[PDB]
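K.L.:
Below is one structure. I have some questions about it.
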Amino acid sequence: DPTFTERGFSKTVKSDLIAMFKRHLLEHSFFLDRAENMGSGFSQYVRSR
Amino acid sequence: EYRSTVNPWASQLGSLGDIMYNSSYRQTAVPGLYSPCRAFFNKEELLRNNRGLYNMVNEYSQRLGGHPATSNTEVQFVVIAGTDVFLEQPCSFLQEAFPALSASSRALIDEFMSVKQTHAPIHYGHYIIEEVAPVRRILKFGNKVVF
Amino acid sequence: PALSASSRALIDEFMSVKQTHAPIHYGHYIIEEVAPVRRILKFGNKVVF
Amino acid sequence: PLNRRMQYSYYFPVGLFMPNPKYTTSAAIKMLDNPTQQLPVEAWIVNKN
Amino acid sequence: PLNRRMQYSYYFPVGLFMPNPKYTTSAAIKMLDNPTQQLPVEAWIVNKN
Amino acid sequence: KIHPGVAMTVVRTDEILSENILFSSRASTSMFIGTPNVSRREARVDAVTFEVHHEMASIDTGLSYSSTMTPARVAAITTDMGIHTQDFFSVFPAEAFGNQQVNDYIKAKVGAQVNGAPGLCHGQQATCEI
Amino acid sequence: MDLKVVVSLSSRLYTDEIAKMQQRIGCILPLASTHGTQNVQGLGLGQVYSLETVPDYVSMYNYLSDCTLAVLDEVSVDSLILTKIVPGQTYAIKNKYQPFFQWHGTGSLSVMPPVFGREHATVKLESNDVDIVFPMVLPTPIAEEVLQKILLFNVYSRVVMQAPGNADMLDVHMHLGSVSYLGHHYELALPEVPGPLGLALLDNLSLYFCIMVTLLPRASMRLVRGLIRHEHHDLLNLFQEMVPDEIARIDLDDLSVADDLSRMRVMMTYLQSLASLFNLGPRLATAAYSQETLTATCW
Amino acid sequence: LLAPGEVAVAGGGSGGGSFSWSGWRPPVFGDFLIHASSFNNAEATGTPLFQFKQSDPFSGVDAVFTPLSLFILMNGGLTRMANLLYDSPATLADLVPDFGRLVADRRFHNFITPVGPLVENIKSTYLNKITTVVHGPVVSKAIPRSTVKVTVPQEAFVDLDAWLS
Amino acid sequence: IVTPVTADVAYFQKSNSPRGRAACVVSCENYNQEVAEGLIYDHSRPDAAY
């Protein structure tokens, strides 16, 4: 997403990114396993992922 | 309707809060650092809204506000040179500040997380205040979530 | 963090009532784990996803 | 130009004293302090993260 | 080569001490000890199995 | 941790990055463009610098508004909504008490101190005021 | 017109001497003569800053005041290629000087003779048995403090060894070591003040200043008293109060007229010289800068 | 304008030229970004400008001062016209949070640097766009030619040679 | 890791370093060890996390 990095990696832009790595790591990992619990939205999830 | 002010020490004209955060007496202060309470205590910026409703609507988007904070800095300094200042501020128009999620005690925040609807906003001597803001955060203490 | 508790009693409430258990009892506590793998605990045959 | 920025103001109190005929609306919470004399001296907030 | 392995670190404390004015939020749990004089000395962890 | 005589209200200001949508009606403005130009300035020993100019005039076509924008989607929060307070000593650097030893003691205890942060975890600290 | 000089060197240049040389491809240099064909002699300052003879600060200022400055532009062993700095034009100078001071747009750069260690101002070219020495360039405000603090460091460091119990060297160091400017702090590398006299390039200037300050109050009052007439400056009679009771006590009779005029004349010479020195004669204005490019448009 | 000499020469370098024009030096220009509150746009163009040295880390916006503005800070004659031009002087005073310190410290004079007369002006709600000239003939950069002349209000200006004779 | 019994429990519910201080250098100036080592080891300043 070039929206966050428009200005450049200042001291505080680097502090937001390292926060969203933690979020995607801790929340959207192992998607093919996260897709079985989903039910009906499975296929559109796998194409989206 | 039934009171004059919650606290005189800040509503009053020559009071302690007006002294601290009003423009009239802050000549000794350095001008760089930013102040939240300026929008609420500055007299001239308070009376700027006396003109017509359409003058307020125009000034909202047309002319940049009175001393907003900078972005992409370690702390908030005042803006002097607006090269790429792309900001808008809707509290300057209405002169109000939204509540933030506050509690006297973690014993209350725990219950607020566990039972969202039927929690007591006031215990015997302790209280908790939910935040009511245009943006809606998601609070995730533990792995129990409360939108 | 990892699933940990001070007394076996708190592990029993976390099982029965998942949302409204006490994370801090009088002098005891329980901590629920938040890690990129979400494993299913299966004490008895009551199950906490 | 269309990646704009909004600036709000929040406010919160620290150290309010409650009127004297105190009361409670909660069944869960159970402290050891004497209810007749409870006085808050700090306030807890939630960070951005 | 596509069957990789990840490695995370789990940390958990053992033997803390809750501050002097203790409280609780649980209606079920009832222990037969004194509530004030309470010191956790161990920690219960859930195995892989 | 005694209660002093007075409570206090804390105020803080926060920033949010958002994506906006702008709508603008047809034929809602007239523009008169001019002629562009080139000039020469700041001639140095090893290089010259030319400046390029342009001019246009805009005037409204109707009476009322013709365009409108609103934040369509928040992308990220920036300020960290923390407990960071504004230090009065810093804001006012000339005021002082009577006794020099009292002044030094108060600064030392209070913690008056600028590269305050070698690194950040959350984002641009939001100054709280009392 | 045309402004350029190509200086031939005696022999070829060794490699790590060529790269070291390239590292200063935008700095200033003091020439010897205004001709487009010169040897390496007379191009640095070792001509007046060699290792054999003792460095004199004033001897170097008396040369920087009346000389020509130039900017490097090309360095390739067999020949260097520079461009003069003559008024009526705008040059482009690249800030690179080992003791580094961050410049600002719209300042006034001052070329001051090197007061820091030698290795931060000089480049040796041993292939040709020649050192080239570069003058130090600081923003005028900064130099204004850096020249007074080092000079007082000289004084204190000499008098503390001359008299033990006069002061503490620790009061000297923590006081004079740091120089702060414009929201910036700078930390000086001090020259450790060797003991014997004359081998401190500041020793001469410290002598000049101290003799002037020791001679001033004796002649000041005499010059005051002799002036007064019926018609004179009101402000003179006014400031005649300001001087301490101590000085007004001095009796002109005690001093002999020969010695009196000796003090008078030498003191006036010291004033006329010293006050000129402080002006930082070679000074040039700044109009633009680039922190990332290290480029300053100066003239 | 495409000519080897810093000044444009006839035809762009085809002819020889006169290697100068009576010592003509194109005036050097200074680009200023001023907060919309400190500077009044209706000011006279001939009026020279003054910028005080701000001491914040990596200052990106500066605060400039004209004669009437400096007269505002340091407090039917000027005073009326000044207060008409500039109101709520605190909007200026908060620019230098050191004013009372510097006036007592007698160091207010040394910080302030003048620049010169005003050249071009673009008006914006937040940060105005202003540009001046230093070290050269005072001139207008507009495509339509105009000859601007420096101005000073009469209360301040005092001709040294007027009253001496 | 030996630890005073007065370590906050709420510190152990989030993901934090097993030390007391955060030790993440990604934010700091790129090639400056002196400033980085300040975030890890200098206790005259509060950790970034709290």
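Each chain of the structure tokens is named A, B, ... in the order shown, its residues numbered from 1; ligands are numbered from 1 in display order.
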Using only C-alpha atoms, find each residue in range 29-88 of chain B having at least one atom no more than 12 Å away from range 46-57 of chain H; report its shortest atom-to-atom pair and that distance in Å (one decimal), rows by chain then rising number, as JSON lines.
P.N.:
{"residue": "B:30", "atom": "CA", "partner": "H:55", "partner_atom": "CA", "distance": 9.9}
{"residue": "B:31", "atom": "CA", "partner": "H:54", "partner_atom": "CA", "distance": 9.4}
{"residue": "B:32", "atom": "CA", "partner": "H:56", "partner_atom": "CA", "distance": 7.0}
{"residue": "B:33", "atom": "CA", "partner": "H:56", "partner_atom": "CA", "distance": 9.0}
{"residue": "B:73", "atom": "CA", "partner": "H:57", "partner_atom": "CA", "distance": 10.4}
{"residue": "B:74", "atom": "CA", "partner": "H:57", "partner_atom": "CA", "distance": 10.7}
{"residue": "B:75", "atom": "CA", "partner": "H:57", "partner_atom": "CA", "distance": 11.0}
{"residue": "B:76", "atom": "CA", "partner": "H:56", "partner_atom": "CA", "distance": 11.8}
{"residue": "B:77", "atom": "CA", "partner": "H:56", "partner_atom": "CA", "distance": 9.0}
{"residue": "B:78", "atom": "CA", "partner": "H:56", "partner_atom": "CA", "distance": 10.7}
{"residue": "B:80", "atom": "CA", "partner": "H:54", "partner_atom": "CA", "distance": 11.3}
K.L.:
Pull N, CA, C and O atoms from the residues just selected and write them as a PDB file, in the first residue's frame.
P.N.:
ATOM      1  N   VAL B  30       7.212  29.943  24.741  1.00  0.00           N
ATOM      2  CA  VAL B  30       7.855  29.682  23.458  1.00  0.00           C
ATOM      3  C   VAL B  30       6.749  29.324  22.474  1.00  0.00           C
ATOM      4  O   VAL B  30       5.763  28.688  22.868  1.00  0.00           O
ATOM      5  N   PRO B  31       6.846  29.709  21.198  1.00  0.00           N
ATOM      6  CA  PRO B  31       5.719  29.513  20.281  1.00  0.00           C
ATOM      7  C   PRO B  31       5.688  28.201  19.511  1.00  0.00           C
ATOM      8  O   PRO B  31       4.700  27.958  18.806  1.00  0.00           O
ATOM      9  N   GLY B  32       6.704  27.351  19.619  1.00  0.00           N
ATOM     10  CA  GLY B  32       6.758  26.160  18.793  1.00  0.00           C
ATOM     11  C   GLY B  32       5.823  25.039  19.198  1.00  0.00           C
ATOM     12  O   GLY B  32       5.049  24.551  18.374  1.00  0.00           O
ATOM     13  N   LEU B  33       5.879  24.623  20.458  1.00  0.00           N
ATOM     14  CA  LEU B  33       5.155  23.438  20.894  1.00  0.00           C
ATOM     15  C   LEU B  33       3.651  23.638  20.774  1.00  0.00           C
ATOM     16  O   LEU B  33       3.147  24.759  20.810  1.00  0.00           O
ATOM     17  N   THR B  73       6.139  13.675  13.014  1.00  0.00           N
ATOM     18  CA  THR B  73       7.215  14.112  13.885  1.00  0.00           C
ATOM     19  C   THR B  73       7.155  13.295  15.161  1.00  0.00           C
ATOM     20  O   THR B  73       6.145  12.664  15.468  1.00  0.00           O
ATOM     21  N   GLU B  74       8.257  13.303  15.902  1.00  0.00           N
ATOM     22  CA  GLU B  74       8.285  12.577  17.164  1.00  0.00           C
ATOM     23  C   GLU B  74       7.240  13.123  18.128  1.00  0.00           C
ATOM     24  O   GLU B  74       6.597  12.358  18.851  1.00  0.00           O
ATOM     25  N   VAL B  75       7.050  14.440  18.147  1.00  0.00           N
ATOM     26  CA  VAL B  75       6.026  15.094  18.949  1.00  0.00           C
ATOM     27  C   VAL B  75       5.341  16.150  18.088  1.00  0.00           C
ATOM     28  O   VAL B  75       5.693  16.350  16.927  1.00  0.00           O
ATOM     29  N   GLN B  76       4.361  16.832  18.664  1.00  0.00           N
ATOM     30  CA  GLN B  76       3.490  17.723  17.910  1.00  0.00           C
ATOM     31  C   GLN B  76       3.958  19.162  18.064  1.00  0.00           C
ATOM     32  O   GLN B  76       3.768  19.767  19.120  1.00  0.00           O
ATOM     33  N   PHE B  77       4.555  19.711  17.013  1.00  0.00           N
ATOM     34  CA  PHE B  77       4.806  21.141  16.919  1.00  0.00           C
ATOM     35  C   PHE B  77       3.731  21.791  16.061  1.00  0.00           C
ATOM     36  O   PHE B  77       3.026  21.131  15.299  1.00  0.00           O
ATOM     37  N   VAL B  78       3.598  23.106  16.214  1.00  0.00           N
ATOM     38  CA  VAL B  78       2.624  23.900  15.473  1.00  0.00           C
ATOM     39  C   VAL B  78       3.039  24.044  14.016  1.00  0.00           C
ATOM     40  O   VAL B  78       4.227  24.024  13.699  1.00  0.00           O
ATOM     41  N   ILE B  80       3.677  26.106  10.769  1.00  0.00           N
ATOM     42  CA  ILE B  80       3.923  27.437  10.244  1.00  0.00           C
ATOM     43  C   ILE B  80       3.912  27.452   8.719  1.00  0.00           C
ATOM     44  O   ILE B  80       3.366  28.371   8.110  1.00  0.00           O
TER      45      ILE B  80
END
K.L.:
Name the residues of chain A that come out as alpha helix (DSSP H) in a backbone DSSP run; write them as a list in words.
P.N.:
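The residues of chain A classed as alpha helix (DSSP H) are residues 13, 14, 15, 16, 17, 18, 19, 20, 21, 22, 23, 24, 25, 26, 27, 31, 32, 33, 34, 42, 43, 44, 45, 46, 47 and 48 of chain A.
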K.L.:
Now that the selection is made, can you save its residues with N, CA and C atoms as a tab-separated table (two decimals), in the first residue's frame?
P.N.:
chain	number	residue	atom	x	y	z
A	13	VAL	N	6.72	6.49	10.92
A	13	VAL	CA	6.16	5.58	9.92
A	13	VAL	C	6.67	4.17	10.15
A	14	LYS	N	7.95	4.04	10.51
A	14	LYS	CA	8.48	2.72	10.85
A	14	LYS	C	7.81	2.14	12.07
A	15	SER	N	7.25	2.98	12.94
A	15	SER	CA	6.59	2.48	14.13
A	15	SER	C	5.18	1.98	13.86
A	16	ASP	N	4.54	2.46	12.79
A	16	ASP	CA	3.23	1.95	12.41
A	16	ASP	C	3.35	0.63	11.68
A	17	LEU	N	4.29	0.53	10.75
A	17	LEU	CA	4.47	-0.69	9.98
A	17	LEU	C	4.77	-1.86	10.90
A	18	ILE	N	5.76	-1.72	11.77
A	18	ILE	CA	6.12	-2.80	12.67
A	18	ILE	C	4.94	-3.20	13.55
A	19	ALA	N	3.93	-2.33	13.67
A	19	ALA	CA	2.73	-2.70	14.40
A	19	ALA	C	1.77	-3.52	13.54
A	20	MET	N	1.71	-3.25	12.23
A	20	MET	CA	0.83	-4.01	11.36
A	20	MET	C	1.44	-5.33	10.91
A	21	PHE	N	2.76	-5.49	10.99
A	21	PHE	CA	3.34	-6.82	10.83
A	21	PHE	C	2.85	-7.74	11.94
A	22	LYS	N	2.87	-7.23	13.16
A	22	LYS	CA	2.42	-8.01	14.30
A	22	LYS	C	0.96	-8.39	14.13
A	23	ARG	N	0.16	-7.50	13.55
A	23	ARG	CA	-1.26	-7.78	13.42
A	23	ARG	C	-1.52	-8.86	12.38
A	24	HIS	N	-0.91	-8.72	11.20
A	24	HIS	CA	-1.10	-9.72	10.16
A	24	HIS	C	-0.47	-11.05	10.55
A	25	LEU	N	0.68	-11.01	11.23
A	25	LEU	CA	1.29	-12.24	11.71
A	25	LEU	C	0.36	-12.97	12.66
A	26	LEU	N	-0.23	-12.24	13.59
A	26	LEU	CA	-0.96	-12.82	14.70
A	26	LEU	C	-2.42	-13.08	14.38
A	27	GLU	N	-2.88	-12.66	13.20
A	27	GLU	CA	-4.31	-12.69	12.92
A	27	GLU	C	-4.70	-13.30	11.58
A	31	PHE	N	-3.99	-19.33	6.39
A	31	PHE	CA	-5.30	-18.98	5.85
A	31	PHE	C	-6.06	-20.21	5.41
A	32	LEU	N	-5.37	-21.18	4.81
A	32	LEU	CA	-6.06	-22.37	4.32
A	32	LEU	C	-6.68	-23.15	5.46
A	33	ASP	N	-6.16	-22.99	6.67
A	33	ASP	CA	-6.79	-23.58	7.84
A	33	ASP	C	-7.88	-22.68	8.39
A	34	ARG	N	-7.70	-21.36	8.26
A	34	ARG	CA	-8.69	-20.38	8.64
A	34	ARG	C	-9.91	-20.39	7.72
A	42	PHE	N	-16.12	-19.85	1.82
A	42	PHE	CA	-14.82	-20.50	1.65
A	42	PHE	C	-14.16	-20.10	0.33
A	43	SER	N	-14.83	-20.36	-0.79
A	43	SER	CA	-14.17	-20.25	-2.09
A	43	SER	C	-13.83	-18.80	-2.41
A	44	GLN	N	-14.77	-17.89	-2.20
A	44	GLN	CA	-14.47	-16.48	-2.40
A	44	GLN	C	-13.39	-15.99	-1.45
A	45	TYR	N	-13.19	-16.68	-0.32
A	45	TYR	CA	-12.08	-16.32	0.56
A	45	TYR	C	-10.75	-16.76	-0.02
A	46	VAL	N	-10.70	-17.96	-0.60
A	46	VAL	CA	-9.45	-18.48	-1.12
A	46	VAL	C	-9.03	-17.74	-2.37
A	47	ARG	N	-9.98	-17.33	-3.21
A	47	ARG	CA	-9.61	-16.51	-4.35
A	47	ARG	C	-9.16	-15.13	-3.90
A	48	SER	N	-9.79	-14.58	-2.87
A	48	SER	CA	-9.38	-13.29	-2.36
A	48	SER	C	-8.00	-13.36	-1.72
K.L.:
Let's have chain E fitted on chain D; use all the C-alpha atoms paired in order for the least-squares step and return it as an mmCIF file with N, CA and C atoms, in the first residue's frame.
P.N.:
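Contents of the output file out39.cif:
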data_model
loop_
_atom_site.group_PDB
_atom_site.id
_atom_site.type_symbol
_atom_site.label_atom_id
_atom_site.label_comp_id
_atom_site.auth_asym_id
_atom_site.auth_seq_id
_atom_site.Cartn_x
_atom_site.Cartn_y
_atom_site.Cartn_z
ATOM 1 N N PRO E 1 -3.181 14.324 -2.941
ATOM 2 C CA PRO E 1 -3.971 15.241 -2.108
ATOM 3 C C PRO E 1 -5.201 14.627 -1.476
ATOM 4 N N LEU E 2 -5.625 13.456 -1.926
ATOM 5 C CA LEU E 2 -6.840 12.842 -1.393
ATOM 6 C C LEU E 2 -6.677 12.078 -0.082
ATOM 7 N N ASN E 3 -5.447 11.956 0.394
ATOM 8 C CA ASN E 3 -5.205 11.239 1.634
ATOM 9 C C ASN E 3 -5.116 12.295 2.725
ATOM 10 N N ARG E 4 -6.272 12.694 3.226
ATOM 11 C CA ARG E 4 -6.352 13.734 4.229
ATOM 12 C C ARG E 4 -6.157 13.136 5.612
ATOM 13 N N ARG E 5 -6.127 14.003 6.615
ATOM 14 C CA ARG E 5 -6.055 13.581 8.004
ATOM 15 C C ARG E 5 -7.018 14.423 8.818
ATOM 16 N N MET E 6 -7.724 13.794 9.740
ATOM 17 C CA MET E 6 -8.627 14.485 10.643
ATOM 18 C C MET E 6 -7.968 14.650 12.002
ATOM 19 N N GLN E 7 -8.515 15.550 12.809
ATOM 20 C CA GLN E 7 -8.006 15.747 14.160
ATOM 21 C C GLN E 7 -9.165 16.038 15.100
ATOM 22 N N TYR E 8 -9.343 15.178 16.095
ATOM 23 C CA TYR E 8 -10.336 15.350 17.138
ATOM 24 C C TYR E 8 -9.627 15.504 18.469
ATOM 25 N N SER E 9 -10.395 15.872 19.481
ATOM 26 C CA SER E 9 -9.883 16.059 20.825
ATOM 27 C C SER E 9 -10.581 15.088 21.756
ATOM 28 N N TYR E 10 -9.800 14.345 22.525
ATOM 29 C CA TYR E 10 -10.324 13.441 23.534
ATOM 30 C C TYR E 10 -10.078 14.029 24.911
ATOM 31 N N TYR E 11 -11.124 14.101 25.728
ATOM 32 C CA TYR E 11 -10.987 14.600 27.085
ATOM 33 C C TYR E 11 -11.564 13.598 28.068
ATOM 34 N N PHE E 12 -10.893 13.443 29.206
ATOM 35 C CA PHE E 12 -11.312 12.491 30.198
ATOM 36 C C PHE E 12 -10.854 12.992 31.556
ATOM 37 N N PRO E 13 -11.659 12.829 32.605
ATOM 38 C CA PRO E 13 -11.289 13.330 33.925
ATOM 39 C C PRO E 13 -10.580 12.265 34.740
ATOM 40 N N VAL E 14 -9.823 12.750 35.716
ATOM 41 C CA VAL E 14 -9.087 11.892 36.615
ATOM 42 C C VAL E 14 -9.167 12.348 38.064
ATOM 43 N N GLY E 15 -9.705 11.505 38.935
ATOM 44 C CA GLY E 15 -9.708 11.788 40.345
ATOM 45 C C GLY E 15 -10.972 12.381 40.917
ATOM 46 N N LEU E 16 -12.128 12.132 40.312
ATOM 47 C CA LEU E 16 -13.367 12.709 40.808
ATOM 48 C C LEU E 16 -13.763 12.066 42.132
ATOM 49 N N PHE E 17 -14.938 12.440 42.633
ATOM 50 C CA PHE E 17 -15.423 11.966 43.922
ATOM 51 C C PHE E 17 -16.935 11.849 43.867
ATOM 52 N N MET E 18 -17.449 10.646 44.091
ATOM 53 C CA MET E 18 -18.879 10.413 43.945
ATOM 54 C C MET E 18 -19.614 10.868 45.202
ATOM 55 N N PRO E 19 -20.821 11.401 45.067
ATOM 56 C CA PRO E 19 -21.499 12.008 46.217
ATOM 57 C C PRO E 19 -21.747 11.052 47.368
ATOM 58 N N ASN E 20 -22.285 11.584 48.465
ATOM 59 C CA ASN E 20 -22.238 10.873 49.742
ATOM 60 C C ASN E 20 -23.024 9.568 49.747
ATOM 61 N N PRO E 21 -24.299 9.501 49.282
ATOM 62 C CA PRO E 21 -25.013 8.214 49.297
ATOM 63 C C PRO E 21 -24.718 7.345 48.083
ATOM 64 N N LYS E 22 -23.582 6.657 48.107
ATOM 65 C CA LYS E 22 -23.102 5.905 46.963
ATOM 66 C C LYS E 22 -23.957 4.668 46.708
ATOM 67 N N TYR E 23 -23.913 4.189 45.468
ATOM 68 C CA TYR E 23 -24.713 3.050 45.039
ATOM 69 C C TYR E 23 -23.937 2.270 43.987
ATOM 70 N N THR E 24 -24.536 1.184 43.504
ATOM 71 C CA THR E 24 -23.915 0.365 42.471
ATOM 72 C C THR E 24 -24.990 -0.410 41.729
ATOM 73 N N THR E 25 -24.590 -1.005 40.606
ATOM 74 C CA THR E 25 -25.503 -1.805 39.799
ATOM 75 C C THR E 25 -24.834 -3.060 39.250
ATOM 76 N N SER E 26 -23.777 -3.544 39.890
ATOM 77 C CA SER E 26 -22.997 -4.654 39.368
ATOM 78 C C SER E 26 -22.972 -5.786 40.375
ATOM 79 N N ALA E 27 -23.329 -6.979 39.924
ATOM 80 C CA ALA E 27 -23.309 -8.145 40.789
ATOM 81 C C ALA E 27 -21.971 -8.859 40.797
ATOM 82 N N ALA E 28 -21.196 -8.753 39.724
ATOM 83 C CA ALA E 28 -19.920 -9.444 39.656
ATOM 84 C C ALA E 28 -18.900 -8.806 40.583
ATOM 85 N N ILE E 29 -18.626 -7.518 40.364
ATOM 86 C CA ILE E 29 -17.514 -6.851 41.023
ATOM 87 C C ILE E 29 -17.649 -6.947 42.531
ATOM 88 N N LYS E 30 -16.592 -7.419 43.183
ATOM 89 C CA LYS E 30 -16.501 -7.445 44.635
ATOM 90 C C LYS E 30 -15.095 -7.032 45.019
ATOM 91 N N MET E 31 -14.964 -5.864 45.629
ATOM 92 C CA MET E 31 -13.682 -5.373 46.104
ATOM 93 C C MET E 31 -13.566 -5.621 47.599
ATOM 94 N N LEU E 32 -12.335 -5.679 48.082
ATOM 95 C CA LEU E 32 -12.085 -5.971 49.483
ATOM 96 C C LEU E 32 -11.871 -4.723 50.328
ATOM 97 N N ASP E 33 -12.242 -3.546 49.833
ATOM 98 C CA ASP E 33 -12.109 -2.324 50.607
ATOM 99 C C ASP E 33 -13.460 -1.903 51.191
ATOM 100 N N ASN E 34 -13.446 -0.829 51.972
ATOM 101 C CA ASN E 34 -14.676 -0.254 52.508
ATOM 102 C C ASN E 34 -15.398 0.521 51.413
ATOM 103 N N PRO E 35 -16.708 0.340 51.249
ATOM 104 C CA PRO E 35 -17.390 1.000 50.126
ATOM 105 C C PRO E 35 -17.556 2.494 50.303
ATOM 106 N N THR E 36 -17.806 2.961 51.524
ATOM 107 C CA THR E 36 -18.029 4.387 51.735
ATOM 108 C C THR E 36 -16.758 5.185 51.502
ATOM 109 N N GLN E 37 -15.674 4.795 52.167
ATOM 110 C CA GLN E 37 -14.419 5.534 52.117
ATOM 111 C C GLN E 37 -13.644 5.090 50.883
ATOM 112 N N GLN E 38 -14.016 5.655 49.737
ATOM 113 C CA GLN E 38 -13.398 5.277 48.477
ATOM 114 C C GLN E 38 -13.160 6.510 47.631
ATOM 115 N N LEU E 39 -11.922 6.680 47.194
ATOM 116 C CA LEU E 39 -11.500 7.863 46.453
ATOM 117 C C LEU E 39 -10.659 7.407 45.273
ATOM 118 N N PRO E 40 -11.111 7.610 44.040
ATOM 119 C CA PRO E 40 -10.272 7.288 42.882
ATOM 120 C C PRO E 40 -9.179 8.333 42.709
ATOM 121 N N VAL E 41 -7.959 7.873 42.448
ATOM 122 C CA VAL E 41 -6.811 8.765 42.351
ATOM 123 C C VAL E 41 -6.132 8.734 40.996
ATOM 124 N N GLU E 42 -6.469 7.803 40.115
ATOM 125 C CA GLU E 42 -5.792 7.714 38.833
ATOM 126 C C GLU E 42 -6.829 7.420 37.761
ATOM 127 N N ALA E 43 -6.355 7.017 36.587
ATOM 128 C CA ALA E 43 -7.246 6.766 35.461
ATOM 129 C C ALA E 43 -6.537 5.850 34.482
ATOM 130 N N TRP E 44 -7.229 4.814 34.035
ATOM 131 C CA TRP E 44 -6.668 3.835 33.119
ATOM 132 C C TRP E 44 -7.228 4.077 31.726
ATOM 133 N N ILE E 45 -6.335 4.250 30.754
ATOM 134 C CA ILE E 45 -6.694 4.546 29.376
ATOM 135 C C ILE E 45 -6.214 3.406 28.500
ATOM 136 N N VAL E 46 -6.921 3.165 27.406
ATOM 137 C CA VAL E 46 -6.524 2.155 26.437
ATOM 138 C C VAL E 46 -5.716 2.828 25.339
ATOM 139 N N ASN E 47 -4.500 2.343 25.126
ATOM 140 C CA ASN E 47 -3.591 2.902 24.138
ATOM 141 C C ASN E 47 -4.113 2.677 22.732
ATOM 142 N N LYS E 48 -3.364 3.125 21.731
ATOM 143 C CA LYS E 48 -3.742 2.825 20.357
ATOM 144 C C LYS E 48 -3.608 1.339 20.071
ATOM 145 N N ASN E 49 -2.639 0.682 20.706
ATOM 146 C CA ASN E 49 -2.410 -0.746 20.548
ATOM 147 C C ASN E 49 -3.003 -1.558 21.688
#
K.L.:
Need to verify the contact set: range 78-80 of chain F, 7 Å, only C-alpha atoms, exclusion of same-chain residues closer than 4 positions in sequence. Can you return it as an mmCIF file with N, CA, C and O atoms, in the first residue's frame?
P.N.:
data_model
loop_
_atom_site.group_PDB
_atom_site.id
_atom_site.type_symbol
_atom_site.label_atom_id
_atom_site.label_comp_id
_atom_site.auth_asym_id
_atom_site.auth_seq_id
_atom_site.Cartn_x
_atom_site.Cartn_y
_atom_site.Cartn_z
ATOM 1 N N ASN D 47 -4.392 2.244 25.208
ATOM 2 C CA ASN D 47 -3.491 2.792 24.214
ATOM 3 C C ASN D 47 -4.111 2.646 22.824
ATOM 4 O O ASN D 47 -5.219 2.134 22.657
ATOM 5 N N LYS D 48 -3.393 3.121 21.808
ATOM 6 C CA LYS D 48 -3.805 2.858 20.433
ATOM 7 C C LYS D 48 -3.640 1.388 20.085
ATOM 8 O O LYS D 48 -4.484 0.808 19.398
ATOM 9 N N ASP F 14 -5.843 14.082 18.622
ATOM 10 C CA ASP F 14 -5.507 12.851 17.927
ATOM 11 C C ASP F 14 -5.665 13.011 16.425
ATOM 12 O O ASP F 14 -6.478 13.807 15.951
ATOM 13 N N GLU F 15 -4.910 12.201 15.680
ATOM 14 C CA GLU F 15 -4.856 12.313 14.235
ATOM 15 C C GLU F 15 -5.215 10.975 13.618
ATOM 16 O O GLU F 15 -4.896 9.923 14.169
ATOM 17 N N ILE F 16 -5.890 11.032 12.475
ATOM 18 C CA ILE F 16 -6.383 9.853 11.779
ATOM 19 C C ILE F 16 -6.178 10.060 10.289
ATOM 20 O O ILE F 16 -6.499 11.128 9.760
ATOM 21 N N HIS F 122 4.589 3.027 19.252
ATOM 22 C CA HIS F 122 3.204 3.273 18.875
ATOM 23 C C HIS F 122 3.036 4.313 17.770
ATOM 24 O O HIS F 122 2.326 4.062 16.794
ATOM 25 N N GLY F 123 3.652 5.470 17.889
ATOM 26 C CA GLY F 123 3.480 6.508 16.897
ATOM 27 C C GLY F 123 3.630 7.873 17.532
ATOM 28 O O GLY F 123 3.991 7.993 18.694
ATOM 29 N N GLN F 124 3.337 8.901 16.744
ATOM 30 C CA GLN F 124 3.639 10.264 17.157
ATOM 31 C C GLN F 124 2.911 10.623 18.439
ATOM 32 O O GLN F 124 1.687 10.729 18.446
ATOM 33 N N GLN F 125 3.665 10.885 19.498
ATOM 34 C CA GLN F 125 3.073 11.080 20.810
ATOM 35 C C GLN F 125 2.110 12.256 20.807
ATOM 36 O O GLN F 125 2.404 13.315 20.252
ATOM 37 N N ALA F 126 0.960 12.070 21.445
ATOM 38 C CA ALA F 126 -0.105 13.067 21.471
ATOM 39 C C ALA F 126 -0.067 13.785 22.811
ATOM 40 O O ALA F 126 -0.354 13.184 23.849
#
K.L.:
Residues of chain C were defined as contacting chain I if any atom lay at most 12 Å from it, counting only C-alpha atoms; please report them as a VMD selection string.
P.N.:
chain C and resid 1 to 6 23 to 24 27 to 36
